[PDB]
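The next block holds one structure in the form of structure tokens; read it before the comments.
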Amino acid sequence: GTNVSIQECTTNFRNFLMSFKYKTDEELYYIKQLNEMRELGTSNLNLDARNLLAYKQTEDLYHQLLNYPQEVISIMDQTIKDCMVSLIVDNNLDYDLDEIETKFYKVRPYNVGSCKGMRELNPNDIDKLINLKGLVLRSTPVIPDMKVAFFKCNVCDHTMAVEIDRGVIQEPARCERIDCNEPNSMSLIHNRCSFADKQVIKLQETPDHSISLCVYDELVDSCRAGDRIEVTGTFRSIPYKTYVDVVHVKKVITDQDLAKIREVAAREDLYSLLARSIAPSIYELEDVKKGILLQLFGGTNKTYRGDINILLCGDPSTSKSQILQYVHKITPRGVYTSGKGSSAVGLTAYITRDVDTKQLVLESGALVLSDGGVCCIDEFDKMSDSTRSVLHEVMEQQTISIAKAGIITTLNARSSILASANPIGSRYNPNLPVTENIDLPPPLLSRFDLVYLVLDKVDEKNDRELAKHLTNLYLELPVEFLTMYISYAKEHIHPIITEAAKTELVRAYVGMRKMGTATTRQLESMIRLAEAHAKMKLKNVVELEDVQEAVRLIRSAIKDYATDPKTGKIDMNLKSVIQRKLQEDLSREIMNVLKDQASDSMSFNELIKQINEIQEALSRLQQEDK
Amino acid sequence: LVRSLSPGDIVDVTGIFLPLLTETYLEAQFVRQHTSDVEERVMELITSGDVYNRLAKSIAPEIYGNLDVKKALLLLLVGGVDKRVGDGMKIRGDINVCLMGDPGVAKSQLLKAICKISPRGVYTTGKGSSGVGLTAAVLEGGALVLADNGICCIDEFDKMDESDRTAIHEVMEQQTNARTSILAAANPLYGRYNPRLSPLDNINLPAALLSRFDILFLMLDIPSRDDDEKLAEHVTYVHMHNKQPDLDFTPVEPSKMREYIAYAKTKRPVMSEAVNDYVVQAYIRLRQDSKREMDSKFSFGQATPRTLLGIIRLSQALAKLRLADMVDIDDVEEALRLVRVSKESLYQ
Ligand SMILES: Nc1ncnc2c1ncn2[C@@H]1O[C@H](COP(=O)(O)OP(=O)(O)O)[C@@H](O)[C@H]1O
Ligand SMILES: [Zn+2]
């Protein structure tokens, strides 16, 4: 039989429809919406199906409804019309009822509890209500299907209206007129009938493989290529192909977690803790910790994207593969790629026409699959020139335009790029300029936001610092919180640069400008990194402290202070006479200011701000008893 | 009975074999899948003693006396110890060794021997077979996937295509699964070696892949009357008699060699604080002096954390080879010995 009882279920829902609340949170849910639905000129309701698990009896209905979803929905349609009629004229709150009474309605639950996944379903689970999620790839054009058949008698012109029931066409045998009764006289007119839209949308399903979905009526063309989708429909396989008759589609934590987030947000060692906790296997590298982390935070997206990209110009023995391999896991799911093992087709796509669909179809490459996420490109120095040409438009407009035989179209591949590149030769050569140690053209090398020069020096002292860190780690914040933090930060914070932070950028950029390769590309990093720092701070505006720290980070990443302004070479070491004179001149002025004020002494905090606009110099004076 | 069968399962299935020509099929009815005994042999091995060298001496006695090289094979066959540190970060438990040398020295026989000894060994020559030898095809996995949790032996490594070597680098770095111990053999790029040139100049492979190796022994087919006299006598006796001329030594049979390696595989040695300080002291001592070796431009590679972690894996292997529950200093010194021995071939 049927688990659904016609009168029992409509009574059970009637109690739910008038008594449901979540636990001002105390207000009833649909006591408010019922009036709003009568106001609406819509033809259906997307029912808040998460309410079913939020109430006791509704979950019991769900298990009962698991095998009979159609019957209740059909009953709800009449119930909706009856609810409209009762609220309009029986409650005497409205009088516009004519169109509603004659027409037909539907209801769509959208947040039902998910099932045990696609591949885990069973032959008896066919025709049962399910809930799935996935990504839409392709869409078929509008396909009409028969609903009403129009027959005209070919000898007397009499017309009949015949409607299909359960997919059956019934040909009348004789004309229904009293006089004209010629057998088989009824004829079908193709273009006097009535049709309904049927569309097939292709979904890449990730169970709680790709499944070809199906939609009907107003649900067609509501789903388009690249849409992020959750499915509430019926798993189907009929005499046998696996497909889902989509009933509804969705186009898309505790307060204790908020307390946990705020504790890390409030503590002063926030940046220190993040570096200390992001990569246990990698020792120190404070700036590199700040670098990739700011890539994951990302800037703000306005219409101007925040896709920060980083080049690791380190020596070819520093753990950087140990990072990006680890980055691919910790980050929200992206794609791990190698420049050596990738091609222009491999990154972008292969696009071709389809006979059935009569419009372009795409086979997404590595780069496109990372749309909206993060991708890692190892062996960036070994990428083919044709493939490298793609990145120019990717890192300037996040789009790729193709114009070849029979195909002219543009795509979108908005993504973040993490790039690691060994120096030319077996090791970095500081005796040559930095731009000559990197095997990348200036047009491509300029558009990266951050370039990091990680060098390894043979120092016995620093060797023990690194060695004892690793050697004891393999004897004998968690990733769950870290991902929870990043997802929280990306979700909420959209900082806006303040007036004070804006003006400092001018002096910061001009200073690098007059030292010239300081193109306007690096000015993008002067805002992109600024927003990502405030987002980590969770401050809803970008602070000047974020601005100056990011500028310092760019300076430290490129090592400007250790780079020759003449030929671009790097100092190996990065007591001097200039240190002497500065200390001497500082000491001379301190001896005056300490006594020029109308006191024998003053606080050192005020003294520093008086002259800096020091501790060693005054300590030496104390040693000399001055 | 559904979902009792999965692809790749070696099973015994009972069913009704069912069908003017008639096609046939079977309706399954029942589905099933497919130590003191060896410890006594282990006790005999312990009774004989010299376990570290007996196994190395037992590795292909028909091959000339590359004892220090075959010792690397013993540790590679045993392998290191994996360390999932946490947060998804990984440290490989495999050992990679290269075998460079001139052609005609029959070095490929050791590749056959090691692959034969290992129960999960896959053998490969030159470029991948029809391209599908690497990665997978429309998926049918290649040699590297086939040798998962095993050993892959490659002859003429340098001749592999860029795509062939590209898949090699990912497995050498990520082990995906393609958890493999890589044993490579390659002829000199010029046909014959030139000691006056750097190893990178004499081979097609760059430093990016060679730095991923643990031990990088080089074979030089130097014509010397002294050495060749012993090797010729060694080989000519191998053809005359079905055993090596060193009849005073009784080699361990491959099954027992395999069993002890499997027995060793179960163990897990752990570092002590005494060896912990010794390892960092030896690392610092070797790294600082190795600067001169690279400055002389007459050494295979500079001392980097490849040496620190390489010894750690080798010391773990040596300790696990000795069935030791903890790592000792002599394993570290022996590991340091073999690493330093490998450089000696460049100075012939
Ligand atoms: N600072 C470091 N922290 C941890 N491991 C390191 C460090 N420097 C080198 N290593 C080790 O050296 C090896 C080299 O790997 P890596 O530098 O990531 O890529 P590549 O082998 O291409 O240089 C790795 O196994 C890594 O564990
Ligand atoms: Zn008629």
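The count begins at 1 with the first shown residue.
According to its header, the structure was obtained by electron microscopy, 3.4 Å.
A Cβ is built for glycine as well, from the same backbone N, Cα and C atoms used for every other residue.
Among the features that Swiss-Prot reports, ATP binding site is placed at A:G314, A:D315, A:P316, A:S317, A:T318, A:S319, A:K320, A:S321. Summarising the annotation, Swiss-Prot assigns motif 'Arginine finger' to A:446-449.
Everything Swiss-Prot records as a feature, shown here on the structure.
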{"residue": "A:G314", "record": "ATP binding site", "Cβ within 10 Å": "21"}
{"residue": "A:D315", "record": "ATP binding site", "Cβ within 10 Å": "18"}
{"residue": "A:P316", "record": "ATP binding site", "Cβ within 10 Å": "19"}
{"residue": "A:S317", "record": "ATP binding site", "Cβ within 10 Å": "18"}
{"residue": "A:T318", "record": "ATP binding site", "Cβ within 10 Å": "19"}
{"residue": "A:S319", "record": "ATP binding site", "Cβ within 10 Å": "19"}
{"residue": "A:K320", "record": "ATP binding site", "Cβ within 10 Å": "23"}
{"residue": "A:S321", "record": "ATP binding site", "Cβ within 10 Å": "17"}
Name the secondary structure element type, per DSSP in three states, that contains A:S321 (ATP binding site).
helix
Quick one: of A:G314, A:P316, A:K320, which binding-site residues have a CB closer than 8 A to some CB in chain B?
A:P316
Per DSSP, what is the residue tally for the motif 'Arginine finger' (A:446-449) in helix, strand and coil?
2 helix, 0 strand, 2 coil
Per DSSP, A:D315 (ATP binding site) is which: helix, strand or coil?
coil
Near-site residues: ATP, ref A:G314, A:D315, A:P316, A:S317, A:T318, A:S319, A:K320, A:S321, CB cutoff 8 A to centroid:
A:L312, A:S420, A:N422, A:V454, A:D456
